[PDB]
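K.L.:
Have a peek at upload_1.cif (mmCIF, C-alpha atoms).
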data_input
loop_
_atom_site.group_PDB
_atom_site.id
_atom_site.type_symbol
_atom_site.label_atom_id
_atom_site.label_comp_id
_atom_site.auth_asym_id
_atom_site.auth_seq_id
_atom_site.Cartn_x
_atom_site.Cartn_y
_atom_site.Cartn_z
ATOM 1 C CA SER A 1 28.419 8.893 -44.807
ATOM 2 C CA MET A 2 24.956 8.403 -46.241
ATOM 3 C CA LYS A 3 24.546 5.694 -43.617
ATOM 4 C CA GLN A 4 25.724 8.319 -41.134
ATOM 5 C CA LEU A 5 22.944 10.732 -42.134
ATOM 6 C CA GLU A 6 20.319 7.985 -42.002
ATOM 7 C CA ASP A 7 21.551 7.171 -38.495
ATOM 8 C CA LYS A 8 21.297 10.881 -37.712
ATOM 9 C CA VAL A 9 17.689 11.296 -38.879
ATOM 10 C CA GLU A 10 16.753 8.178 -36.907
ATOM 11 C CA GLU A 11 18.432 9.554 -33.782
ATOM 12 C CA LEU A 12 16.645 12.856 -34.194
ATOM 13 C CA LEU A 13 13.352 11.095 -34.991
ATOM 14 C CA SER A 14 13.339 9.201 -31.712
ATOM 15 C CA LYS A 15 14.449 12.253 -29.671
ATOM 16 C CA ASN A 16 11.658 14.172 -31.424
ATOM 17 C CA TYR A 17 9.149 11.480 -30.573
ATOM 18 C CA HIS A 18 10.032 11.528 -26.879
ATOM 19 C CA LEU A 19 9.904 15.308 -26.727
ATOM 20 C CA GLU A 20 6.480 15.349 -28.316
ATOM 21 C CA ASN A 21 5.193 12.675 -25.929
ATOM 22 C CA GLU A 22 6.388 14.886 -23.055
ATOM 23 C CA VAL A 23 4.741 17.938 -24.642
ATOM 24 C CA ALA A 24 1.426 16.082 -24.891
ATOM 25 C CA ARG A 25 1.788 14.969 -21.255
ATOM 26 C CA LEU A 26 2.448 18.534 -20.102
ATOM 27 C CA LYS A 27 -0.466 19.926 -22.165
ATOM 28 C CA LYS A 28 -2.909 17.396 -20.682
ATOM 29 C CA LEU A 29 -1.580 18.416 -17.261
ATOM 30 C CA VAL A 30 -2.085 22.126 -18.008
ATOM 31 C CA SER A 31 -5.698 21.429 -18.942
ATOM 32 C CA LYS A 32 -6.337 19.300 -15.842
ATOM 33 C CA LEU A 33 -4.810 22.109 -13.774
ATOM 34 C CA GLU A 34 -6.916 24.856 -15.334
ATOM 35 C CA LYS A 35 -10.084 22.842 -14.754
ATOM 36 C CA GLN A 36 -9.026 22.193 -11.134
ATOM 37 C CA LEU A 37 -8.349 25.903 -10.620
ATOM 38 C CA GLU A 38 -11.751 26.891 -12.061
ATOM 39 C CA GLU A 39 -13.287 24.337 -9.656
ATOM 40 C CA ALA A 40 -11.377 25.787 -6.682
ATOM 41 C CA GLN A 41 -12.474 29.298 -7.625
ATOM 42 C CA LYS A 42 -16.162 28.372 -7.771
ATOM 43 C CA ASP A 43 -15.728 26.507 -4.471
ATOM 44 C CA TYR A 44 -14.105 29.477 -2.736
ATOM 45 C CA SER A 45 -16.812 31.826 -4.042
ATOM 46 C CA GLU A 46 -19.487 29.420 -2.791
ATOM 47 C CA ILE A 47 -18.133 29.062 0.733
ATOM 48 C CA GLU A 48 -17.540 32.825 0.946
ATOM 49 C CA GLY A 49 -21.162 33.474 -0.019
ATOM 50 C CA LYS A 50 -22.150 30.922 2.615
ATOM 51 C CA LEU A 51 -20.180 32.544 5.420
ATOM 52 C CA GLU A 52 -21.481 35.991 4.435
ATOM 53 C CA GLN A 53 -25.076 34.725 4.347
ATOM 54 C CA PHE A 54 -24.914 33.075 7.765
ATOM 55 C CA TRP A 55 -23.515 36.263 9.274
ATOM 56 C CA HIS A 56 -26.067 38.390 7.415
ATOM 57 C CA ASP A 57 -28.854 36.191 8.778
ATOM 58 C CA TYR A 58 -27.299 36.368 12.250
ATOM 59 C CA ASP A 59 -27.106 40.179 12.110
ATOM 60 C CA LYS A 60 -30.747 40.346 10.950
ATOM 61 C CA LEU A 61 -32.007 39.365 14.420
ATOM 62 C CA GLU A 62 -31.484 42.768 16.028
ATOM 63 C CA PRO B 1 24.725 14.171 -53.074
ATOM 64 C CA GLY B 2 21.148 14.999 -54.074
ATOM 65 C CA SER B 3 19.698 12.311 -51.799
ATOM 66 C CA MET B 4 22.353 13.457 -49.331
ATOM 67 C CA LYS B 5 20.923 16.996 -49.517
ATOM 68 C CA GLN B 6 17.399 15.569 -49.069
ATOM 69 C CA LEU B 7 18.479 13.822 -45.896
ATOM 70 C CA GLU B 8 20.267 16.969 -44.726
ATOM 71 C CA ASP B 9 16.998 18.835 -45.218
ATOM 72 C CA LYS B 10 15.232 16.233 -43.046
ATOM 73 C CA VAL B 11 17.991 16.738 -40.439
ATOM 74 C CA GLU B 12 17.704 20.524 -40.374
ATOM 75 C CA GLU B 13 13.935 20.076 -40.038
ATOM 76 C CA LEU B 14 14.197 17.661 -37.116
ATOM 77 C CA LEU B 15 16.912 19.739 -35.418
ATOM 78 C CA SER B 16 14.791 22.894 -35.420
ATOM 79 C CA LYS B 17 11.606 21.108 -34.334
ATOM 80 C CA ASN B 18 13.560 19.514 -31.473
ATOM 81 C CA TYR B 19 14.891 22.891 -30.317
ATOM 82 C CA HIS B 20 11.327 24.236 -30.417
ATOM 83 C CA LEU B 21 9.995 21.165 -28.626
ATOM 84 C CA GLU B 22 12.515 21.660 -25.840
ATOM 85 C CA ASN B 23 11.493 25.330 -25.603
ATOM 86 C CA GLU B 24 7.835 24.296 -25.387
ATOM 87 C CA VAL B 25 8.673 21.704 -22.717
ATOM 88 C CA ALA B 26 10.387 24.432 -20.692
ATOM 89 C CA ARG B 27 7.496 26.871 -21.292
ATOM 90 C CA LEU B 28 4.775 24.338 -20.429
ATOM 91 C CA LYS B 29 6.731 23.374 -17.296
ATOM 92 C CA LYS B 30 6.763 27.004 -16.206
ATOM 93 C CA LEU B 31 3.046 27.197 -16.975
ATOM 94 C CA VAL B 32 2.343 24.056 -14.971
ATOM 95 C CA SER B 33 4.106 25.344 -11.886
ATOM 96 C CA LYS B 34 2.399 28.739 -12.150
ATOM 97 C CA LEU B 35 -0.950 26.923 -12.322
ATOM 98 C CA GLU B 36 0.050 24.855 -9.284
ATOM 99 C CA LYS B 37 0.835 28.068 -7.385
ATOM 100 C CA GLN B 38 -2.540 29.544 -8.340
ATOM 101 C CA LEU B 39 -4.327 26.333 -7.368
ATOM 102 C CA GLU B 40 -2.491 26.075 -4.044
ATOM 103 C CA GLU B 41 -3.381 29.699 -3.214
ATOM 104 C CA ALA B 42 -7.057 29.199 -4.110
ATOM 105 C CA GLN B 43 -6.942 26.202 -1.798
ATOM 106 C CA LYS B 44 -5.424 28.334 0.970
ATOM 107 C CA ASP B 45 -8.287 30.828 0.550
ATOM 108 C CA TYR B 46 -10.912 28.074 0.644
ATOM 109 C CA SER B 47 -9.368 26.531 3.781
ATOM 110 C CA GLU B 48 -9.380 29.977 5.388
ATOM 111 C CA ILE B 49 -13.103 30.509 4.819
ATOM 112 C CA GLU B 50 -13.718 26.931 6.018
ATOM 113 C CA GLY B 51 -11.903 27.701 9.269
ATOM 114 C CA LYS B 52 -14.019 30.835 9.608
ATOM 115 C CA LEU B 53 -17.218 28.795 9.189
ATOM 116 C CA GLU B 54 -16.120 26.203 11.756
ATOM 117 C CA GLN B 55 -15.404 28.975 14.248
ATOM 118 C CA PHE B 56 -18.790 30.570 13.451
ATOM 119 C CA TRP B 57 -20.664 27.369 14.234
ATOM 120 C CA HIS B 58 -18.534 26.880 17.344
ATOM 121 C CA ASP B 59 -19.465 30.364 18.602
ATOM 122 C CA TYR B 60 -23.112 29.882 17.597
ATOM 123 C CA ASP B 61 -23.625 26.516 19.268
ATOM 124 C CA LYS B 62 -21.771 27.923 22.282
ATOM 125 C CA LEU B 63 -24.825 30.132 22.849
ATOM 126 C CA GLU B 64 -27.191 27.163 23.018
ATOM 127 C CA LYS B 65 -24.688 25.155 25.085
ATOM 128 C CA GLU B 66 -24.323 27.834 27.738
ATOM 129 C CA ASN B 67 -28.040 28.644 27.646
ATOM 130 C CA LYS B 68 -28.762 25.045 28.676
ATOM 131 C CA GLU B 69 -26.535 25.682 31.738
ATOM 132 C CA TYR B 70 -28.531 28.691 32.997
#
Please express what this file holds, its structure, as structure tokens.

P.N.:
Amino acid sequence: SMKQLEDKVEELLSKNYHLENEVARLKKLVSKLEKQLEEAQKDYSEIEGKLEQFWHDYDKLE
Amino acid sequence: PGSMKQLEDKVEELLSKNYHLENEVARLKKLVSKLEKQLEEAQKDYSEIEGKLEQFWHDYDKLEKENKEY
């Protein structure tokens, strides 16, 4: 029964290990995502400023 | 007995951390898909402005094109 508990802590140890590998994977993916989203936001803001500027310039020729 | 209680303490510890780790896996998965939604929508918005720019240049160069035909 002591052998049983040692078996149990080993079982839990390896399940714990795999969970924490998955948690690290998912956290690295959250960070990659948040960087990508920041990048997409700056991009959108840039191309919106561009479109607005070309139309502003165009309007200026009246 | 005593060493048995020490191992049972290690088991309770692992059991709780595993429950919390599964909760965090679920939570992080939710977070990941929310971030993917937000990214995909930002990409929609970018693509929309890009289409607007392409149509602007099309309309603009259409002036020169038709002026050459006059």

K.L.:
Enumerate as a PDB file with C-alpha atoms, in the coordinates of the input the residues belonging to chain B that approach chain A to within 9 Å, with only C-alpha atoms taken into account.

P.N.:
ATOM      1  CA  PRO B   1      24.725  14.171 -53.074  1.00  0.00           C
ATOM      2  CA  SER B   3      19.698  12.311 -51.799  1.00  0.00           C
ATOM      3  CA  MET B   4      22.353  13.457 -49.331  1.00  0.00           C
ATOM      4  CA  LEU B   7      18.479  13.822 -45.896  1.00  0.00           C
ATOM      5  CA  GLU B   8      20.267  16.969 -44.726  1.00  0.00           C
ATOM      6  CA  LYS B  10      15.232  16.233 -43.046  1.00  0.00           C
ATOM      7  CA  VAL B  11      17.991  16.738 -40.439  1.00  0.00           C
ATOM      8  CA  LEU B  14      14.197  17.661 -37.116  1.00  0.00           C
ATOM      9  CA  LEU B  15      16.912  19.739 -35.418  1.00  0.00           C
ATOM     10  CA  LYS B  17      11.606  21.108 -34.334  1.00  0.00           C
ATOM     11  CA  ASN B  18      13.560  19.514 -31.473  1.00  0.00           C
ATOM     12  CA  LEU B  21       9.995  21.165 -28.626  1.00  0.00           C
ATOM     13  CA  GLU B  22      12.515  21.660 -25.840  1.00  0.00           C
ATOM     14  CA  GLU B  24       7.835  24.296 -25.387  1.00  0.00           C
ATOM     15  CA  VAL B  25       8.673  21.704 -22.717  1.00  0.00           C
ATOM     16  CA  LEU B  28       4.775  24.338 -20.429  1.00  0.00           C
ATOM     17  CA  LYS B  29       6.731  23.374 -17.296  1.00  0.00           C
ATOM     18  CA  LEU B  31       3.046  27.197 -16.975  1.00  0.00           C
ATOM     19  CA  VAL B  32       2.343  24.056 -14.971  1.00  0.00           C
ATOM     20  CA  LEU B  35      -0.950  26.923 -12.322  1.00  0.00           C
ATOM     21  CA  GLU B  36       0.050  24.855  -9.284  1.00  0.00           C
ATOM     22  CA  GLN B  38      -2.540  29.544  -8.340  1.00  0.00           C
ATOM     23  CA  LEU B  39      -4.327  26.333  -7.368  1.00  0.00           C
ATOM     24  CA  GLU B  40      -2.491  26.075  -4.044  1.00  0.00           C
ATOM     25  CA  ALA B  42      -7.057  29.199  -4.110  1.00  0.00           C
ATOM     26  CA  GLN B  43      -6.942  26.202  -1.798  1.00  0.00           C
ATOM     27  CA  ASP B  45      -8.287  30.828   0.550  1.00  0.00           C
ATOM     28  CA  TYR B  46     -10.912  28.074   0.644  1.00  0.00           C
ATOM     29  CA  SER B  47      -9.368  26.531   3.781  1.00  0.00           C
ATOM     30  CA  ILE B  49     -13.103  30.509   4.819  1.00  0.00           C
ATOM     31  CA  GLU B  50     -13.718  26.931   6.018  1.00  0.00           C
ATOM     32  CA  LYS B  52     -14.019  30.835   9.608  1.00  0.00           C
ATOM     33  CA  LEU B  53     -17.218  28.795   9.189  1.00  0.00           C
ATOM     34  CA  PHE B  56     -18.790  30.570  13.451  1.00  0.00           C
TER      35      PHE B  56
END

K.L.:
Report the distance between atom CA of residue 41 of chain B and atom CA of residue 54 of chain B in Å, rounded to one decimal place.

P.N.:
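Computing the Euclidean distance for atom CA of residue 41 of chain B and atom CA of residue 54 of chain B yields 20.0 Å.
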
K.L.:
Mind working out the centre and edge lengths of an axis-aligned box for segment 2-19 of chain A, all listed atoms inside, 8 Å added to each side, rounded to one decimal in Å and written as AutoDock Vina command-line options?

P.N.:
--center_x 17.4 --center_y 10.5 --center_z -36.5 --size_x 32.6 --size_y 25.6 --size_z 35.5
